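# Notes for the structure review
Here's the letter readout for the chains.
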Amino acid sequence: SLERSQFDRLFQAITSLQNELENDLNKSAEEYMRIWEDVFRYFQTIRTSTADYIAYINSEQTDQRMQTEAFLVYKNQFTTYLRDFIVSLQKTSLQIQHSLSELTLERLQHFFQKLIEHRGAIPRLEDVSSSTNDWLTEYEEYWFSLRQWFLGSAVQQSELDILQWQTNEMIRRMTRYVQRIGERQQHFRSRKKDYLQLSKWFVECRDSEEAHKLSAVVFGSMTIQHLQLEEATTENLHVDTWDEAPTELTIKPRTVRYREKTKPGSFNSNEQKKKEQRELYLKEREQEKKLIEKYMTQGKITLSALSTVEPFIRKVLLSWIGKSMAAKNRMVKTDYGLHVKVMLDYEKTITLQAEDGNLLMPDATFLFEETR
Amino acid sequence: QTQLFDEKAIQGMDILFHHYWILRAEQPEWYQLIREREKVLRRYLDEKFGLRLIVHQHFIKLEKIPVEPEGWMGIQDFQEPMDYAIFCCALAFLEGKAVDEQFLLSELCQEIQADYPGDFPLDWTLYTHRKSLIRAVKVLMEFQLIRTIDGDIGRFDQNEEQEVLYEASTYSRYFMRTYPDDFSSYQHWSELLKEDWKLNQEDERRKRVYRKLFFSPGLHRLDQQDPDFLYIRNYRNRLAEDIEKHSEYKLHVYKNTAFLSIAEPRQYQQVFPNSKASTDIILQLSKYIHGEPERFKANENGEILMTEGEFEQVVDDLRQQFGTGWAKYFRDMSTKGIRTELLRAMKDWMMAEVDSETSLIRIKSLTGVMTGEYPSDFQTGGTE
Amino acid sequence: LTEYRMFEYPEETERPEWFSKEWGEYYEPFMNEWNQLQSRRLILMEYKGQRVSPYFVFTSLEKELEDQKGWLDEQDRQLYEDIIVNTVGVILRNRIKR
C-alpha cells in the first residue's frame, strides 16, 4: 500500500529548494545538504514506487489472471494503486514539472558547490578519492535525472508521460476485459444444430457449383463483381449488345516477344519533342512581338493613326484597354517584357479597321516603358 | 443538423459490399467510417435493397442475401462440397468452445471426423481429406474466427502427425446470420429464400432489381415478359440518376441485359477484365462472335446457341489465329481442356450457361459488351 | 425472455385400463373428473445448451446478476473516467499553451 503523500513530500522538498534558491546562496551549507537529502530521498522513494507499480501493471500474473475470478482481485489491487498513487501523481505532477522547468543546472551549481562544502565537512572514512568535481558531477547527473523524469527531453518522452500513458492503456484493457466477461456470460444460445444441419445439406451437393450456390444462399454472397468501362457509351434500350458497337480493348499479348514487365519500366527521354515545342512557342512569341512592333511609332501607338490593322492586334489592343481600367495606375504588363501605360480619351468616333469589320471605339494611346 | 449521403457514405457502402464484414480490431478506419454514416446507410439499404445492416460492437456486416444464388458468390477458396461440410462442422465445433479457449488441431480433426454427416466416413490417412481440412482452416483463419498460437498447418498436407494449438476468437459467435423458424424444420436451401423474401413483400420488385444489379455482374432478360427487366425499362432514367448519386456505378441497359459498370475500380474490388488469362480468350471470343453476325445470329432472348462440338471448333479457330499470343498455360493444352476452362471462367461472370439437359451452350448477351484484340503490330508480328 | 426460446407442453397420464370395467352412474362423474384434471402443464427453457425448468433459470440469473452487479462499482467508473480525462486535460493545456 503506497502513501498518498509521496508527491506531496517531494513537492514540499522542491518548494523549500525553490525558497532557498530565491535567497541566492545566502545561507549555510548544512541547510542545502538537508534540502537535497530530503528531495532525493523522496524522489528515490517515488522511483521505487513507480518501478514496482509498472511491474505490477505489466505483470503476466495479470495476463494469466484475466481468465479467472482472480482478475477481480487484480482489479481491486489496481484500483487501489490508482486511487492512492496515480491520483497524487496527477494532482502534484503539474507543479513539480513547472518547478523543474524553472530549475536548470544554471540555477543550481552554486548550491552544488555549497553541498560540496558540507560533503567535505562530513568526515567520510569511505573510499573518497573522487575529486570535488566528481561530487559535482554526481549531483548534476542526479538532478538531470530528476529533470528528465518529470520534464522528459526533446528526444524522449518523460518518465512521467510514459507512466501515465501505460496507466491509461491498462485502464482501457481492464474495462474492455470486464466488457468481455459480460459478453462471455450473456450470449450463450448455441447454434450447433443449425451448423450440423448445414453440413448435412452441403454434403448432399453434387458438385462445386451447387455447393457455392448453397453457400451464397446461407451465409450470403462474400463479394460482388462488375464490368469496368470508362463511359456510359450506349443509351439505346432497343438494341441487343451484339448488334451494338462494342467496347474495344487492347489485349497485351502474354509473351515477352512483345512486352511484359514486373520490375521498374523505362521511359523515352523525349528531348527532341521538347526542343521542337520550345522553338515553335518562342517563334510565335517573337512574331507576335514583331506584329506589335510593326505599328510602333516613336515609341507609342495611337489608334486614330492606324490605317488598317491585323485582327490579332485588334484583339490585343482590346485586351490592353480592358485590363488597363482595372489597375488604377492604368499600367499594364505583357508577356513580351513591355510595360505598357494606357491613356484614354473618350469623346471620339474613331474606326479601327481590319480585314473583318470596322470597330468604333474611344481613342487611346499606348506608351511602352524602358525595360533596361 | 441532419446527415446526407456524401463521399463518406458512398465509400462506406462500397466497403460494406466488397467485404463480408468489417472488424473493429483489424479495420478500425473502415469501421469508424462506416459507423459515422451508419444512420444514412441503414435508411438507404432498408428503403431500396431491404438488406439488414448489422452494426455491432466488434464488427459491421451486411447480410448480402442474393435474389438467385450464383456460382461465383460462394466462398471461393473452397473447391469441393466436402470443404464446405468440413467448414460447417468446424463452426459447429467452435460453438462448443468458450471465447479465447485454446484447442489443439487434433481435437478439431477428431470432432470434425465424428460429426461429419456423410454416409462415407471422413478419414485423415488420405491426402485429399487432409488438404480439404487445411483449406477449411485457412478460410476460417481468413475471417479471424480462430487465431493461431504458433505452429504450422501447411505441414499437415504431408505430415498427418502435425500438431497445432488454435484459439477460438469471439467472432465465431456472430459469423452466421439468424434463421426464421427452428431452422431444422426446413428441408432444402431453396426454402430459405422463400422466407427471406417473405419479410420484403413491400415493393419486392424494386429490392429485387436493385439486388440483382448491385450483386450480379449482369442481369439477363428471362424472356420477353421478364418483370425485373420490364421494371428497369420503365424507370431507366431515375434508376440511373439514383445509382450515380449514391455510388460510383453507372447503369447500362440493352434489349437482353442490364448491368452496372465501374469506371475507376479501387484496389479491393473484383472486375472484368482482369489479369487472369482466361479473360483474354473471352474477349477474343467476343470479337470473333461480333465478326460473323449471320453465323452467330442471336436469338430473340439475346442468347447464342452452340453445341460442344461447335464451341470446340470456335476455340480451335481462336487457337489458330490468336493462340500465338495466349498464355503458355493454354497454348499447351488440348482443345477440350481449353473449352472446359473457358466455360468455367465464363460461368463465373454469368457470361454463358451450360444447358443441363442437352449440353447446349448459351452465350449470354453480356459477353458482347466487350471485345479485345492484340495490338496490330504484334498481329503482323504473328504473321512473321 | 424470447432469447431463451421458451415452450410449454402439457404432460398427461394414460387413462388406467381398469376404467373400462364399467361401474355405473354413481362413479361416472368421478371418472370424468379424473379425465379432466389429469392434464397438467410444463414449461421448458433452453439455457446454455441444457433444457431446464424456470426454477433453474431463475436461480442462474439470480447468481449472475448478484455477481455481475459487483463487477463495476460506480466510484471506480468515476475514477477511471477521471484518470483518463486528466491526461486529456494535460494535452489540452499543452496545446492551448503552444
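As stated in the entry header, the method of structure determination is cryo-EM and the reported resolution is 3.5 Å.

Chain B is annotated in the PDB entry as JetB from Neobacillus vireti LMG 21834. The title given to this entry in the Protein Data Bank is "Neobacillus vireti Wadjet-II JetABC monomer".

By the naming in the PDB entry, chain A goes by JetA and is assigned to Neobacillus vireti LMG 21834.

### Observations concerning the overall build of chain B
Assigned secondary structure in chain B consists of 15 helices and 14 strands. Each principal axis of the C-alpha distribution contributes one length, and for chain B these read about 65 × 60 × 45 Å. Looking at chain B residue by residue over its 384 residues, the buried ones come to 55%. The long-range fraction of contacts in chain B, counting pairs at least 24 apart against all pairs at least 6 apart in sequence, stands at 62%. Of the accessible surface of chain B, which amounts to about 17800 Å², a share of 46% is contributed by carbon and sulfur atoms. Considering chain B, the positive charge centre built from 49 side chains and the negative charge centre built from 66 side chains are found 6 Å apart.

### Points about a negative patch on the surface
Residues and elements named next belong to chain B. Residues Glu-101, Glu-107, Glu-111, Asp-123, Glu-160, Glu-161 and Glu-163 make up a contiguous surface patch of negative charge. Positionally, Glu-111 belongs in helix α5 (residues 105–115). According to the relative accessible area criterion, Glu-111 is partly exposed, its value standing at 34%.

### Concerning the packing of aromatic side chains
Taken as a whole and judged by the stated rule, the model has 68 aromatic pairs over all chains. Ring geometry for B:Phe93 against B:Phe103: centres 4.7 Å apart, planes inclined by 80 degrees, an arrangement best described as edge-to-face. Here B:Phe93, found in helix α4 (residues 81–94), pairs with B:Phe103, found in strand β4 (residues 102–104); they are 10 residues apart in sequence, far enough to count as distant. In this structure, B:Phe93 and B:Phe103 share a single accessibility class: buried. Through a chain of ring-to-ring contacts, three or more aromatic side chains come together here, namely A:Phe202, A:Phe219, B:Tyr20, B:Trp21, B:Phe59, B:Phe78, B:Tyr84, B:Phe87, B:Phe143, B:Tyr171, B:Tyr174 and B:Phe175. It is B:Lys61 that lies over the ring of B:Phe175; its NZ or CZ is 5.7 Å from the centre. Its guanidinium or amino end placed over the ring of B:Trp197, B:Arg211 lies 4.5 Å from that ring's centre, counting from NZ or CZ.

### Some words on the interface of chain B and chain A
On the chain A side, the residues contacting the 115 residues of chain B number 66 residues. Buried area between chain B and chain A, summed over both chains or domains, comes out near 8500 Å², and the portion from carbon and sulfur atoms is 63%. The partner of B:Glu384 in a salt bridge is A:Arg257, with the nearest N and O atoms 3.4 Å apart. The interface formed by chain B and chain A contains 39 residue pairs in polar contact. Tallied by class, the residues present in the side of chain B that touches chain A amount to 60 nonpolar, 34 polar and 21 charged.

### Side note on unusual backbone geometry
A cis amide bond, omega 5 degrees, links B:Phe272 with the succeeding residue B:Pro273. In this structure, B:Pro273 sits in the loop between β10 (270–272) and α11 (277–290). The phi angle at A:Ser269 is positive, at roughly 55 degrees, despite the residue not being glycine. Even without a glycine there, the phi angle at B:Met350 is positive, about 55 degrees. As for its position among the elements, B:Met350 is in the loop between α14 (335–348) and β12 (352–354). Relative accessible area serves as the criterion here: at 18%, B:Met350 is assigned to the buried category.

### Regarding the environment of B:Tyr254
Mapped onto the secondary structure, B:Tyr254 falls in the loop between β8 (250–253) and β9 (257–262). Residue B:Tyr254 is classed as buried on the basis of its relative accessible area of 5%. B:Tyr254 sits 21 residues away from B:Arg233 along the chain, and the two C-alpha atoms are 9.3 Å apart. Those residues in contact with B:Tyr254, other than ones at most four positions away along the chain, are A:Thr234, A:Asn236, A:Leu237, A:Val239, A:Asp240, A:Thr241, A:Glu244, B:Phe229, B:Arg233, B:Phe259 and B:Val369.

### Brief notes about the packing of helix α8 (residues 192–203) of chain A against helix α9 (residues 208–218) of chain A
All names here are of chain A. At a minimum axis separation of 9 Å, α8 and α9 run at an interaxial angle of 150 degrees. Judged by the angle between their axes, α8 and α9 are roughly antiparallel. Regarding α8 and α9, the two cross each other, and that crossing is right-handed. Each of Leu-198, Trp-201 and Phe-202 in α8 lies in contact with α9, whose residues at this interface are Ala-211, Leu-214, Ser-215 and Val-218. Taken together, the residues of the contact of α8 with α9 break down into 6 nonpolar, 1 polar and no charged.

### Side note on the side chain of B:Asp14
Residues and elements named next belong to chain B. Mapped onto the secondary structure, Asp-14 falls in helix α1 (residues 7–18). At 3.1 Å, the side chain of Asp-14 forms a polar contact with the side chain of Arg-266. Those residues in contact with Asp-14 that sit more than four places away from it in its chain are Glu-248, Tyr-249, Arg-266 and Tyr-268.

### Quick word on the state of the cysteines
Residue and element names in this part refer to chain B. Evaluation of the coordinates by the stated rule reveals 0 disulfides over all chains. Take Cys-89: it sits in no disulfide, and the sulfur closest to it among the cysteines is that of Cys-88, at 7.1 Å. The class of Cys-89 is buried, set by a relative accessible area of 1%.

### A closer look at empty space enclosed by the protein
Evaluation of the coordinates by the stated rule reveals 3 cavities of 30 Å³ or more. Estimates place the volume of the largest cavity at around 50 Å³. If you go around the largest cavity, the residues you meet are A:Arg180, A:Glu183, A:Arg184, A:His187, A:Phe188, B:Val99, B:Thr170, B:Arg173 and B:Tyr174. Taken together, the residues of the lining of the largest cavity break down into 3 nonpolar, 2 polar and 4 charged.

### Some thoughts on the interface of chain C and chain A
When the parts of a complex come together, some accessible area is lost, and that lost area is often taken as the interface size. Listed as interface residues are 19 residues of chain C and, on the opposing side, 23 residues of chain A. Where chain C abuts chain A, roughly 2100 Å² becomes buried across the two surfaces, and 58% of that area is made up of carbon and sulfur atoms. Three residues stand out in chain C for area buried against chain A, namely C:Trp71, C:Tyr80 and C:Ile83, and they jointly supply 33% of the buried area on that side. Applying the counting criterion to the chain C and chain A interface returns 4 salt bridges. For C:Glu3, the salt bridge is made with A:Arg189, and the minimal N-O distance between the two is 2.9 Å. Inspection of the chain C/chain A interface yields 7 residue pairs in polar contact.

### Quick word on the pattern of salt bridges
Residues and elements named next belong to chain B. Under the counting rule described, the total for this entry stands at 66 salt bridges over all chains. With a closest N to O distance of 3.3 Å, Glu-47 and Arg-43 form a salt bridge. With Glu-47 and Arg-43 both in helix α3 (residues 38–49) and 4 residues apart, the pair spans about one turn of that helix. Accessibility expressed as a relative area gives 53% for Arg-43, which makes it exposed. Salt bridges linked by common partners bring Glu-68, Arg-205, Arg-208, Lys-212 and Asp-228 together as one network.

### Details of the sheet that holds strand β8 (residues 364–368) of chain A
All names here are of chain A. In spatial order, the strands read β3-β8-β5-β4; together these 4 strands make up an open sheet with antiparallel pairing. At either margin of the open sheet sits one strand with a lone partner, and together these are β3 (300–302) and β4 (331–332). In this sheet, strand β5 (residues 340–344) lies alongside β4 in antiparallel orientation, the contact comprising 2 bridges. Looking at β5, one finds that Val-332 is bridged to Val-340.

Conventions adopted
- Residues numbered from 1 in each chain as written, not as in the entry; some residues may be left out.
- Chains lettered and ligands numbered in written order.
- Part of a larger assembly, values for the part shown.
- Heavy atoms only, no water.
- Helix = DSSP H or I, 4+ residues; strand = E, 2+ residues; numbered from the N terminus.
- Buried < 20%, exposed > 50% of the residue type's maximum accessible area, 1.4 Å probe, protein only.
- Contact = heavy atoms within 4.5 Å.
- Areas by Shrake-Rupley, 256 points an atom, 1.4 Å probe, with all protein chains shown as cover.
- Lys, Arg positive; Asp, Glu negative; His and termini not counted.
- Charge placed at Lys NZ, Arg CZ, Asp CG, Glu CD.
- Patch = residues over 30% accessible without salt bridge, like charges linked within 9 Å, V, L, I, M, F, W, Y side chains within 5 Å.
- Salt bridge = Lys/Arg side-chain N within 4 Å of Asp/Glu carboxyl O.
- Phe/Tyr/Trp six-rings, centres within 6.5 Å; stacked < 30°, edge-to-face > 60°.
- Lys NZ or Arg CZ within 6 Å of the ring centre and 35° of its normal.
- Buried area = accessible area lost by both parts, 1.4 Å probe.
- Polar contact = N/O pair within 3.5 Å; in protein donor to acceptor, adjacent residues only side chain to side chain.
- Nonpolar A, V, L, I, M, F, W, Y, C, P; charged D, E, K, R; others polar.
- Axes fitted to C-alpha atoms, helices over the stretch in contact; angles between N-to-C directions.
- Parallel < 35°, antiparallel > 145°, perpendicular 65-115°, else oblique.
- Left-handed = near helix turned anticlockwise from the far one by under 90°.
- Disulfide = S-S within 2.5 Å.
- 1 Å grid on protein atoms, 1.4 Å probe; cavity = no way out; pocket = protein on both sides within 12 Å on 5 of 7 lines; lining within 4 Å.
- Points joined across faces, edges and corners; volume = space filled by probe spheres on them.
- Pairing = 2+ DSSP bridges.

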